[PDB]
Novice: 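What follows is a structure written as structure tokens; I'll ask about it next.
Both ligands and their constituent atoms are indexed starting at 1 by order of listing. Here is how names work: the chains are called A, B, and so on, in the same order as the sequence lines, proteins then strands, and each is numbered from 1. What's counted below: heavy atoms across the whole structure, side chains too, no hydrogens, waters or symmetry copies.
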Number of protein chains: 2
Amino acid sequence: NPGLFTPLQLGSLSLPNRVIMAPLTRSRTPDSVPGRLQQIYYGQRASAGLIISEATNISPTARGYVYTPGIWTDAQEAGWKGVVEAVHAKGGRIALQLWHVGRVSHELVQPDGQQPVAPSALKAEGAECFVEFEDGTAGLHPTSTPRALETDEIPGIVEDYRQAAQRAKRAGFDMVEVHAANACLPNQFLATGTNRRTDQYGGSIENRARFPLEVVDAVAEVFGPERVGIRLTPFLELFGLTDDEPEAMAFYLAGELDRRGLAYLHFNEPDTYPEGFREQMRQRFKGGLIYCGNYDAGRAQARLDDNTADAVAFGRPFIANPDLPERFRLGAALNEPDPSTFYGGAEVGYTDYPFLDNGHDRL
Amino acid sequence: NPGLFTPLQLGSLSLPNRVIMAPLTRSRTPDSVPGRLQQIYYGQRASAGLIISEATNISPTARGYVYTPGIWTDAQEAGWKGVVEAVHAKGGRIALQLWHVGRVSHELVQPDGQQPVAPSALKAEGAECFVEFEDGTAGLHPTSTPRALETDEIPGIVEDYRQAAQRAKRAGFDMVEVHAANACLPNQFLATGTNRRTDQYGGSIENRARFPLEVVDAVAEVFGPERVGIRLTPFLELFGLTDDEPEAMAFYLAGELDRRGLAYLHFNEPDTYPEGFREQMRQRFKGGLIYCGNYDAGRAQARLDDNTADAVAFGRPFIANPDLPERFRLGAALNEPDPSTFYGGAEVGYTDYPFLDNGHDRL
Ligand SMILES: NC(=O)[C@H]1C=CCN([C@@H]2O[C@H](COP(=O)(O)OP(=O)(O)OC[C@H]3O[C@@H](n4cnc5c(N)ncnc54)[C@H](O)[C@@H]3O)[C@@H](O)[C@H]2O)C1
Ligand SMILES: NC(=O)[C@H]1C=CCN([C@@H]2O[C@H](COP(=O)(O)OP(=O)(O)OC[C@H]3O[C@@H](n4cnc5c(N)ncnc54)[C@H](O)[C@@H]3O)[C@@H](O)[C@H]2O)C1
Ligand SMILES: Cc1cc2nc3c(=O)[nH]c(=O)nc-3n(C[C@H](O)[C@H](O)[C@H](O)COP(=O)(O)O)c2cc1C
Ligand SMILES: Cc1cc2nc3c(=O)[nH]c(=O)nc-3n(C[C@H](O)[C@H](O)[C@H](O)COP(=O)(O)O)c2cc1C
């Protein structure tokens, strides 16, 4: 009968509470290298049971959005090391979310104007990515038509994830989270709409799951499976992605990741799920289960109560409330998020959302 | 090659950094029940890798100092539960330090004016405890002559420690720390000067260690040895205690507590130790080693570097600096402690030591 402030063993990592900071792209690293401003922002939020970083590009060709951080260079690694140290000195734990956008990209953001890559050569209908144009302005821009990866290019991407994890581990991260959600590259492989391959990486459920599971295995070699998680979005349609077998894929992956002893599965809610889905997930996967999507303290506690989650992630409320878990403890009113400063810029709408004033703390 | 901000597995508990808050009696619970003021104070310090609570009386006859908290009633337990929740919501971990003063007491602070108890009927020469007099005033007062515990009263004290741990575990503490240091009851058994018993609880090293090891075993039944620690002060003379065999007892206990798989040993420094002592300790005990006594960041890092400690506790600097680990990260100047408000009173000199102002945080 855990509550939001009951400690949780998430794989081999002890969390102090179950109020998790969801991964949140904020697009505040114009040179791709985290710095002091990120030290501040993440440090402010270090009371989170776990911080899951902003999505972090694992290579140049992984990128779809300018001004987002990377984890393929020495300088990027050094920047994250500083951020991690900052989180640790404030009593926190942080996981790096490992990102490759696949088809959700454009030549203009690719290195040397390379074509985006994907399981299959299908443009994401209606999707926009965020590009810097030749004149130095930036903006949302329709994604372009990707090329289908060659079978022999797939190992190289797995290795890009592996090296990202190696860098993450050296930088001091407590965990990594494989981003297989929100219609990014691993999700593109998982989903029937986006994966029309006829090699060993498409067709059947096992084939579609093959590359994502290679990624999980590679990163788990680095961190241990007990310090790896994965984000999944069964039933979510985003960036043109559709899927005829979301439930069956979810159950297959649950069983495969359970065998591997993964620390957690993290579901971002389409919010629907069929009745019984959450119950099945809890039976099929014996590690940590984290759910995200419009939660507040009451709704989160209900999933603890139903034995369908071990913890709950919060996105927009952690943007706006660096001390979200304390606010939930006291039932204190939350700061309102300002969507106009979710992305880009600097400290405004990033590190200037206030903490509670308990009448004793002094700065 | 860990640094102060390198995570540590301390038994089965993950710590975010190695800057530990030492146990600090503050004498701010006149009714023995922790409350909101303690929620604030401990919450302020929750960035500590681990908070080790103020020494907490395990029963009425355990007490030598008025206005200190207890852990033998429902109401005390409820008060600590609130404190623990506060620490968890701020991202912390907290261990309860389990206290029985033995001979360092007086009839005036004992229930119903009972005589203090000890391994042997030896008054602590020069020692003072802190008493409330009949007229309602309070002050330091010379300790009285204890009675030697009967052999058949020793199990009852072990059970008092066990029940304290049961309460602690229900209240949500992450760990307990057996106080066997600073010349309190278990140390009185350990030391040759204070223990002149001729039953199975005195004489030889094994006999003197017998009661303390029963205490460790009882509390470890509750928490698991992986969530128990013990504080020791070999070579320290306090409250009239002397010892002819400090090194030999330390090595015996090291080996016995290693076999038991205890989470950590915590040494409060007489600071001397013989050359080779720390090295021997590291060989003889394979769990966590924590040292305390006048450390700063440089001196602490040196013990990490020498492979003689896994973490270091700080006392007076955590009184004065709620964000001590962050100050060490930045090399920021520390607030100066005010000894005049270490004990007694209320918020002044307790929750009004300021945090750093990073120029971004707002209250
Ligand atoms: N990495 C990810 O998986 C996610 C990135 C953030 C948004 N994520 C999900 O996508 C959809 C659409 O989110 P939203 O409506 O908030 O995004 P926008 O279309 O406005 O912006 C998309 C991206 O465009 C970039 N962007 C957009 N505006 C800016 C500005 N002004 N500066 C810098 N960068 C900007 C930035 O990378 C944003 O993440 C929603 O379901 C979110 O939960 C997913
Ligand atoms: N529980 C413990 O093991 C410790 C309690 C705190 C002090 N501890 C060690 O004892 C010695 C002497 O410490 P100090 O000089 O700081 O203590 P005092 O003699 O002034 O006070 C002793 C106790 O007396 C009580 N005291 C003393 N003054 C007050 C006031 N004004 N209000 C309430 N209570 C008071 C309170 O419990 C104090 O802990 C030193 O080596 C410390 O590291 C040990
Ligand atoms: C500003 C913004 C940025 C986000 N960036 C990411 C991201 O980097 N990776 C990811 O997996 N999801 C990302 N998301 C989705 C969030 O992690 C989260 O799942 C979503 O906002 C729903 O939770 P909420 O209702 O509590 O905000 C983002 C959402 C927003 C609002
Ligand atoms: C105000 C005060 C209260 C203390 N209370 C305790 C206590 O409850 N239990 C304990 O084991 N030691 C206690 N000590 C000792 C500290 O834990 C610590 O070992 C000592 O202060 C030396 O470390 P420092 O030099 O970093 O302050 C206390 C010390 C002071 C200054």
Side-chain angles (χ1 to χ4, degrees), chain A residues 20-27 52-56 65 68-69 97 99 177 179-182 184 231-233 236 238 266-269 271 291-296 299-300 312-320 324 337 339 341-343, chain B residues 20-28 30 52-57 63-69 97 99 101 104 127-132 138-141 177 179-184 187 231-233 236-239 266-271 291-296 300 312-320 324 337 339-345:
Chain A
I20 298 326
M21 177 174 167
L24 297 154
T25 293
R26 313 298 307 277
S27 301
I52 302 160
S53 83
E54 66 207 277
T56 296
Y65 300 86
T68 59
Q97 188 190 60
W99 200 17
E177 181 179 276
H179 198 351
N182 307 342
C184 74
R231 205 175 205 203
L232 305 166
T233 48
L236 178 74
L238 218 59
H266 180 182
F267 293 98
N268 185 30
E269 289 181 23
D271 319 322
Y291 283 85
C292 185
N294 207 222
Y295 287 84
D296 66 354
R299 291 191 284 281
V312 173
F314 304 82
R316 293 161 294 168
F318 252 127
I319 295 179
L324 188 70
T341 52
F342 285 179
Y343 309 115
Chain B
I20 298 326
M21 177 174 167
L24 297 154
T25 293
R26 313 298 307 277
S27 301
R28 309 279 206 289
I52 302 160
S53 83
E54 66 207 277
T56 296
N57 299 292
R63 193 165 75 134
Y65 300 86
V66 300
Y67 320 143
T68 59
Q97 188 190 60
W99 200 17
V101 304
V104 189
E128 297 191 303
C129 64
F130 193 82
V131 145
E132 193 185 291
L140 292 162
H141 195 62
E177 181 179 276
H179 198 351
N182 307 342
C184 74
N187 195 359
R231 205 175 205 203
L232 305 166
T233 48
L236 178 74
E237 288 177 355
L238 218 59
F239 300 113
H266 180 182
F267 293 98
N268 185 30
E269 289 181 23
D271 319 322
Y291 283 85
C292 185
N294 207 222
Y295 287 84
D296 66 354
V312 173
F314 304 82
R316 293 161 294 168
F318 252 127
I319 295 179
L324 188 70
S340 77
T341 52
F342 285 179
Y343 309 115

Novice: Indicate the atoms forming the closest heavy-atom contact of A/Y295 with A/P317, along with that distance.
Specialist: O-CG, 4.5 Å
Novice: Would you mind checking which non-hydrogen protein atom is closest to atom 1 (C) of ligand 3, with the distance to 0.1 Å?
Specialist: A/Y343 OH, 3.3 Å
Novice: Can you check whether a protein heavy atom sits less than 4.0 angstrom from atom 21 (O) of ligand 2?
Specialist: yes
Novice: Which of the atoms in ligand 3, numbered in the order shown and given with their element, are less than 4.0 Å from a heavy-atom of A/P317?
Specialist: 26 (O)
Novice: How long is the straight-line distance from CD of A/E54 back to CE of A/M21, given to the nearest 0.5 Å?
Specialist: 8.5 Å
Novice: Hey, looking at atom 10 (O) of ligand 2, which of B/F239, B/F342, B/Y343 has the closest heavy atom?
Specialist: B/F239
Novice: Under a 4.0 Å heavy-atom limit, does B/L140 contact ligand 2 with its side chain, its backbone, both, or neither?
Specialist: side chain
Novice: Which atoms of ligand 2 are found less than 4.0 Å from any heavy atom of B/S27?
Specialist: 33 (C), 34 (N), 36 (C), 37 (O)
Novice: Which atoms of ligand 2 are found less than 4.0 Å from any heavy atom of B/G344?
Specialist: 32 (N), 33 (C)
Novice: Using every non-hydrogen atom in the two residues, find where B/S53 and B/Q97 come nearest and quote the distance to one decimal.
Specialist: OG-N, 2.9 Å
Novice: Quick one: does ligand 3 sit under 4.0 Å from the side chain of A/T25, the backbone, both or neither, non-hydrogen atoms only?
Specialist: both
Novice: Please verify whether a non-hydrogen atom of A/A181 lies at under 4.0 Å from ligand 3.
Specialist: no
Novice: Decide yes or no on side chain to side chain contact (heavy atoms under 4.5 Å, CB included) for A/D271 and A/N294, but give the supporting numbers first.
Specialist: CA-CA 8 Å; A/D271 319 322; A/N294 207 222; over 6 Å; no
Novice: Compute the minimum heavy-atom distance from B/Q97 to ligand 2 and say whether it is under 4.0 Å.
Specialist: no
Novice: When rounded to the nearest 0.5 angstrom, what distance separates OH in B/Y67 from OH in B/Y343?
Specialist: 16.0 Å
Novice: Find all atoms of ligand 3 within a distance of less than 4.0 Å from any non-hydrogen atom belonging to A/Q97, and give their numbers and elements.
Specialist: 7 (C), 8 (O), 9 (N), 10 (C), 11 (O)
Novice: Considering non-hydrogen atoms only, spot the tightest contact between A/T233 and A/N182 and give its length.
Specialist: OG1-N, 3.0 Å
Novice: Heavy-atom distances under 4.0 Å are what count here, so tell me which part of A/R231 touches ligand 3: side chain, backbone, both or neither.
Specialist: side chain
Novice: Determine if the distance from atom 39 (O) of ligand 2 to the closest protein heavy atom is below 4.0 Å.
Specialist: yes
Novice: What's the spacing between B/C184 SG and B/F239 CZ if we round to 0.5 Å?
Specialist: 9.5 Å
Novice: Give me the ring orientation class for A/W99 and A/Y65: parallel if the planes are under 30° apart, tilted from 30 to 60°, perpendicular past 60°.
Specialist: parallel
Novice: Which option, A/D296, A/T341, A/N268, owns the non-hydrogen atom nearest atom 19 (O) of ligand 3?
Specialist: A/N268
Novice: Show the atoms of ligand 2 that are less than 4.0 angstrom away from any heavy atom in B/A55.
Specialist: 1 (N)
Novice: Give yes or no for whether the N/O distance cutoff of 3.5 Å, strictly under, is met between B/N182 and ligand 4.
Specialist: yes
Novice: Using heavy-atom distances only, which candidate in B/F130, B/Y65, B/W99 approaches atom 26 (N) of ligand 2 most closely?
Specialist: B/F130
Novice: Below a 4.0 angstrom heavy-atom separation, can you tell me which part of B/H179, side chain or backbone, both or neither, approaches ligand 2?
Specialist: side chain
Novice: Identify the two heavy atoms, one from A/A313 and one from A/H266, that lie closest to each other, and give their separation to 0.1 Å.
Specialist: CB-NE2, 3.8 Å
Novice: Using 0.5 Å steps for rounding, measure from the CG atom of B/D296 to the CZ atom of B/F314.
Specialist: 7.5 Å
Novice: Record the part of B/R26 in heavy-atom contact with ligand 4 below 4.0 Å; permitted values are side chain, backbone, both and neither.
Specialist: neither
Novice: What protein heavy atom is closest to atom 29 (C) of ligand 3, reported as residue, atom name and distance in Å?
Specialist: A/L24 CD2, 3.9 Å
Novice: Judged on heavy-atom distance to atom 23 (O) of ligand 3, which of A/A180, A/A22, A/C292 sits nearest?
Specialist: A/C292
Novice: Please name the pair of heavy atoms, one in B/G64 and one in B/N57, separated by the smallest distance, quoted to 0.1 Å.
Specialist: N-OD1, 4.5 Å
Novice: N/O to N/O below 3.5 Å, does that happen between B/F314 and ligand 4?
Specialist: no
Novice: For the backbone of A/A180 and the side chain of A/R231, can you confirm whether one donor and one acceptor N or O come within less than 3.5 Å of each other?
Specialist: no
Novice: State, to 0.1 Å, how close B/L236 and B/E269 come at their nearest heavy-atom pair, and which atoms those are.
Specialist: CD1-O, 4.5 Å
Novice: With a heavy-atom distance limit of 4.0 Å, tell me whether A/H179 approaches ligand 3 through its side chain, its backbone, both, or neither.
Specialist: side chain
Novice: Check whether any N or O atom of A/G315, backbone or side chain, sits under 3.5 Å from an N or O atom of ligand 3, and answer yes or no.
Specialist: yes
Novice: Is there a heavy atom in B/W99 that sits closer than 4.0 Å to ligand 4?
Specialist: no
Novice: Can you measure from CD1 (B/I319) to CG (B/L24) and round to the nearest 0.5 angstrom?
Specialist: 4.5 Å
Novice: As an exercise, state the distance from CG of A/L324 to CZ of A/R316, rounded to the nearest 0.5 Å.
Specialist: 12.5 Å
Novice: Would you check the N or O atoms of A/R316, main chain and side chain alike, for any that come under 3.5 Å of an N or O of ligand 3?
Specialist: yes
Novice: Which option wins on minimum heavy-atom distance to atom 28 (C) of ligand 3: A/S27, A/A320, A/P23?
Specialist: A/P23
Novice: If I apply the N/O under 3.5 Å rule, does B/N182 come out as touching ligand 2?
Specialist: yes
Novice: Look at atom 5 (C) of ligand 2 and say which protein heavy atom is nearest, naming residue and atom and giving the distance to 0.1 Å.
Specialist: B/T25 OG1, 3.7 Å
Novice: Provide, to 0.1 Å, the distance between atom 41 (O) of ligand 2 and the closest protein heavy atom, together with that atom's residue and name.
Specialist: B/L238 CD1, 3.8 Å
